[PDB]
Amino acid sequence: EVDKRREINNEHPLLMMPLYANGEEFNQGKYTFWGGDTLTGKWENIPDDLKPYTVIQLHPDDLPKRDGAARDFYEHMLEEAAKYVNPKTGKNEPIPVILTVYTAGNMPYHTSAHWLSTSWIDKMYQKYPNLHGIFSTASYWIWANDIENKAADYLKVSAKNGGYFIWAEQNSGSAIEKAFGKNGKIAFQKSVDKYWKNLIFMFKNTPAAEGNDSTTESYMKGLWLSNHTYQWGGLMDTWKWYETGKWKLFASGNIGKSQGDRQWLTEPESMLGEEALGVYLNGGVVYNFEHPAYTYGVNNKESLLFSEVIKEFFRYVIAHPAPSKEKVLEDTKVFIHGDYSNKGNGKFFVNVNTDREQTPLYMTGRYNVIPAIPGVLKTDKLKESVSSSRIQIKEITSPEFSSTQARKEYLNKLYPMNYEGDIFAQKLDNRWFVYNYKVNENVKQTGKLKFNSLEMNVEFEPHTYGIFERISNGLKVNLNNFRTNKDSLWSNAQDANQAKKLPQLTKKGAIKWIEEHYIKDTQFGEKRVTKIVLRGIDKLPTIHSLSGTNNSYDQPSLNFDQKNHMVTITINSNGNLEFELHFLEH
Ligand SMILES: CC(=O)N[C@@H]1[C@@H](O)[C@H](O[C@@H]2O[C@H](CO)[C@H](O)[C@H](O)[C@H]2O[C@@H]2O[C@@H](C)[C@@H](O)[C@@H](O)[C@@H]2O)[C@@H](CO)O[C@H]1O
């Protein structure tokens, strides 16, 4: 094994920072990115505490579909990355880069990435120490003849160079199962047997109408735990709102896939945090997002989604490393072996831990994410683990998994009920993670959580998550309900029929919308109420280190009832929020 070019794990997580090549401007002789970011500009803007954990992911987007175009663009940007000089110190500090080398089956009619050979990739790895890895993304919808053979070569060349091969894929049409050899294409399976320590596998939650979120994430987790991948994560995509046909927030009716560029702007900001929690809480450590202009920003500026949600979330997972593989292994009670493709795909988990077929969220943390691997693989490396002896490894074909009811009945024996209320909650050490799991329905949710004898009741509007940590002198609270008002995008439409018929915003229009109405002149949403009730408190708690999104919250309101040893905390807010309550138990 060659020395890894970087570490990627719970203590060293990774945020991919996508930059998408502007092919129209390339045709005009210019080297630029859609949304106006520049390689150097964007890197400099990345907060210094985040720099060791972020990598620039170049994507060839709509570069010309002919030989040389992607090589020429990529070489230009690699040169820029390599030669970067930190203006503060004057020293040459090469920017870490990942290249997107495979997408849309690398079809010559889909992507300029077709004309990027393994030999050229090897050459770049040897020429650029700052090239940390290569990226394959979204071929589930065009599963090319030799995709497995090519993935084997990408993993091998990455290992040869100590770089990572990162593959982001969703289990549509059995994609994850096929990747590991289900249909007899086994080159990647054999590659993985040798080179798994250089592989990252990620979900890509884009094609949301097919409902493969829970199953893909279960695979990513299980592949990791069973040593088929070095780490895992997810690419969370605001385009899910388009794929599922949604429009104005909470509005009734479905418009199908008809207003793409309005639709990818509409997902509530805080909901990206709710999706990301499913990665973190289950030991994942790699994060990436689309649409880049909404989730990250434009013109080397951070969008509010990035500044108020993703940045703050990512800082949290650095400060509190995800559960290690050893830890997750110890907590795992059930591990599924087999193909979700013949057990209803996403339907497998509906009314088990998801509330509907098309969602990226969970309705309970009781089982967290049940890990799994495709039937084609073996559980050998799993069983060889010291931490895996208390795990039940079960075939997906077992009678215990044959219906919704049998699953719940089986899982409930092994995963005890550990909170009350129709709301998402999962516990890790001294921390309760809570979120309202409604996607597009304006319904409050409530839960009752305990820290031993201390009772905490919460009431959350949709698109709200919290992290409640029992500390020695009280309770640390992180809250996020940041949701701006996107109604202006759906102006002039009073119903689904009129919305479907709006003029297209277009790619360029949506980028301009961001510049003119999101980066500035933002239509912030209304402040909204969160309630926390603590029972078993001695005296009126005190509040410390209160901060959050500028102008986004009223002072929290504490109402202590001596007789009943309890406090009611009312928060009115829209953004990220943080404070500590100090108190003693009664
Ligand atoms: C030929 C064709 O139309 N292919 C579609 C893909 O391009 C789509 O992928 C992503 O989908 C969203 C809409 O949900 C949007 O069109 C994105 O541009 C697209 O993502 C880009 O293209 C991919 C091929 C990847 O290279 C990705 O990194 C890019 O950002 C899928 C959605 O499931 O539908 C196909 O039909």
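Residues numbered from 1 in each chain as written, not as in the entry; some residues may be left out. Heavy atoms only, no water. Residues with missing side-chain atoms left out of burial classes, pairs and counts.

Looking at the PDB entry, one finds the protein chain named GLYCOSIDE HYDROLASE, with Streptococcus pneumoniae as its source organism.

(A) Up close: the overall build of the protein chain. When helices and strands are tallied, the protein chain shows 18 helices and 24 strands. Taking 25 Å as the expected radius of gyration for a compact globule of 586 residues, we find that the protein chain reaches 24 Å, a close match to that expectation. Across the protein chain, every contact between residues at least 6 apart in sequence was considered, and the portion connecting residues at least 24 apart equals 76%. (Helix = DSSP H or I, 4+ residues; strand = E, 2+ residues; numbered from the N terminus. Rg over C-alpha atoms; globule rule 2.2 N^0.38 Å. Contact = heavy atoms within 4.5 Å.)

(B) Geometry of the pattern of salt bridges. Tallying each qualifying case throughout the model produces 26 salt bridges. Taking the shortest distance from any N to any O, the salt bridge between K508 and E24 comes out at 2.9 Å. Of this pair, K508 sits in helix α18 (residues 507-518) while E24 sits in helix α1 (residues 23-27), placing them 484 residues apart in sequence. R431 is the salt-bridge partner of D429, the closest N and O atoms lying 3.0 Å from each other. Look at the salt bridges and you will find they share partners, linking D49, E312 and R315 into a network. (Salt bridge = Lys/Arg side-chain N within 4 Å of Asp/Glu carboxyl O.)

(C) Local environment of the nonpolar core. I56, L58, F188, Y280 and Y287 are the most contacted members of the largest nonpolar core, which has 161 residues in total. Ranked by residue count, the leading element in this core is helix α13 (residues 304-319), at ten residues. What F188 contacts, discounting residues up to four positions off in sequence, is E148, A151, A152, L155, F165, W167, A179, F180, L199 and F201. Listed in part, the 26 residues of the second largest apolar core include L475, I537, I569 and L577. (Core = buried A, V, L, I, M, F, W, Y, C linked by side-chain atoms within 4.5 Å. Buried < 20%, exposed > 50% of the residue type's maximum accessible area, 1.4 Å probe, protein only.)

(D) Summary view of the sheet that holds strand β13 (residues 392-395). The strand order across the open sheet built from three strands is β12-β11-β13, with neighbouring strands paired in parallel fashion. Across the chains shown, the open sheet's two edge strands, defined by having one partner strand only, are β12 (372-373) and β13. (Pairing = 2+ DSSP bridges.)

(E) Region of the structure containing the site of the ligand. The full set close to the ligand counts 14 residues, and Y20, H59, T103, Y140 and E290 are the nearest of them. Here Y140 contributes a side-chain N or O atom positioned 2.4 Å from an oxygen atom of the ligand. Bound to the protein, the ligand loses 68% of the 660 Å² it would expose on its own. Class assignment for the residues of the shell around the ligand results in seven nonpolar, five polar and two charged. (Near = heavy atom within 4 Å. Polar contact = N/O pair within 3.5 Å; in protein donor to acceptor, adjacent residues only side chain to side chain. Areas by Shrake-Rupley, 256 points an atom, 1.4 Å probe, with all protein chains shown as cover. Nonpolar A, V, L, I, M, F, W, Y, C, P; charged D, E, K, R; others polar.)

(F) Broad picture of the environment of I255. Inspection of the secondary structure puts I255 in the loop between α9 (240-243) and α10 (260-263). Distance in space between the C-alpha atoms of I255 and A82 is 46 Å, their sequence separation being 173 residues. Among residues more than four places away in sequence, those in contact with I255 are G245, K246, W247, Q263, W490, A496, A499 and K500.

(G) Up close: the packing of aromatic side chains. Evaluation of the coordinates by the stated rule reveals 39 aromatic pairs. Grouping aromatic residues by their ring pairs yields a cluster made of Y102, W143, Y154, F165, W167, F180, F188 and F201. Above the plane of the ring of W43 lies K51, whose end atom (NZ or CZ) is 5.9 Å from the centre. For the cation-ring pair, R407 lies above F348, with the distance from its terminal atom to the ring centre recorded as 4.4 Å. (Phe/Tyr/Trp six-rings, centres within 6.5 Å; stacked < 30°, edge-to-face > 60°. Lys NZ or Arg CZ within 6 Å of the ring centre and 35° of its normal.)

(H) View of the side chain of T549. If you trace the backbone, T549 turns up in the loop between β21 (542-548) and β22 (557-561). Reaching out from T549, the side chain makes a polar contact with the backbone nitrogen of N576 at a distance of 2.9 Å. Non-local contacts of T549, meaning those with residues more than four positions away in its chain, are made with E308, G575 and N576.

(I) Representation of the packing of helix α4 (residues 118-127) against helix α5 (residues 147-161). Contact pair α4 / α5: the axes reach a minimum separation of 10 Å and the direction vectors enclose 20°. Here α5 runs roughly parallel to α4, going by the angle between their axes. Where α4 crosses over α5, the two elements pack in a sense that is right-handed. Across from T118, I121, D122, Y125 and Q126 in α4, the residues of α5 making contact are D153, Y154, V157, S158, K160 and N161. Residues belonging to the contact of α4 with α5 are distributed by class as follows: four nonpolar, four polar and three charged. (Axes fitted to C-alpha atoms, helices over the stretch in contact; angles between N-to-C directions. Parallel < 35°, antiparallel > 145°, perpendicular 65-115°, else oblique. Left-handed = near helix turned anticlockwise from the far one by under 90°.)

(J) Representation of the domain arrangement of the protein chain. Assigned domains within the protein chain: domain 1 (1-323 + 484-523), domain 2 (324-417) and domain 3 (418-483 + 524-586). With centres defined by C-alpha atoms, the gap from domain 2 to domain 3 works out at 30 Å. Listed per partner, the contact involves twelve residues of domain 2 and 13 residues of domain 3. Overall, the association of domain 2 and domain 3 removes approximately 1100 Å² of surface from exposure, summing both partners, and the carbon and sulfur fraction of that is 54%. Counting every contact that joins domain 2 to domain 3 gives one salt bridge. Between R356 and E441 there is a salt bridge whose closest N-O contact spans 2.8 Å. At the junction of domain 2 with domain 3, the criterion picks out five residue pairs in polar contact. (Domains from an automatic or database assignment. Buried area = accessible area lost by both parts, 1.4 Å probe.)

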